[PDB]
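Below you'll find only one chain, the form deposited in one PDB entry, shown as C-alpha cells.
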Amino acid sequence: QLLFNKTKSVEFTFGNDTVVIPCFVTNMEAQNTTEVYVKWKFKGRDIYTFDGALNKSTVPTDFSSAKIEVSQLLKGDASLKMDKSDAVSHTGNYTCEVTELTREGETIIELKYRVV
C-alpha cells in the first residue's frame, strides 16, 4: 500500500480564510503526476478528485472551492484546501485516498470547527 503521516483531526476558526485538511503519503515513488489519482470523500460522496492521466480536477457544486496543489503531489502532499464558507457547512470525517500506479491507500481526518 501507500503509507500516510496521519492526523486525527484539524481545527479551524474564522481566523482561517482558507481551510487545509492535511494528507501526506510517506512512501510516494511517483516519476510523474500522470501515475497518481486522488479522491477526497465526505459522507460517502466523492467531493474532490484529481485524475493525473487526464490532468483534470472534478468537484460537486456544493464543494466548488475545494482543490489540491498538484505541484506538491510528487512530494506526497495531497492536502485539500477549501474556502471557510464551504468548510463550516461540511464539518466531519474526510477520507483522503491516493493511488500511484497499482499501489493504493487512504487515511481519515475529522475537520472540526472551534468557536472563539
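Residue numbers here begin at 1 and follow the sequence given. Residues that one form lacks are left out of the comparison. Rigid core: the largest C-alpha set superposing within 1.5 Å between the two forms.
One more form of this protein, deposited in another entry, exists but is not displayed; see below.
Peer 1: Once the two forms are fit on the core, has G105 moved its CA by at least 2 Å between this form and the one not shown?
Peer 2: Shift of 2 Å or more: yes.
Peer 1: What direction does the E110-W40 Cα distance move in the other form compared with the shown chain, closer or farther, given a change of 3 Å or more?
Peer 2: Farther apart, by at least 3 Å.
Peer 1: For a shift of 2 angstroms or more at every C-alpha, which runs of three or more consecutive residues qualify between this form and the one not shown, with the core superposed?
Peer 2: Moving region between this form and the one not shown: 102-115, nothing else.
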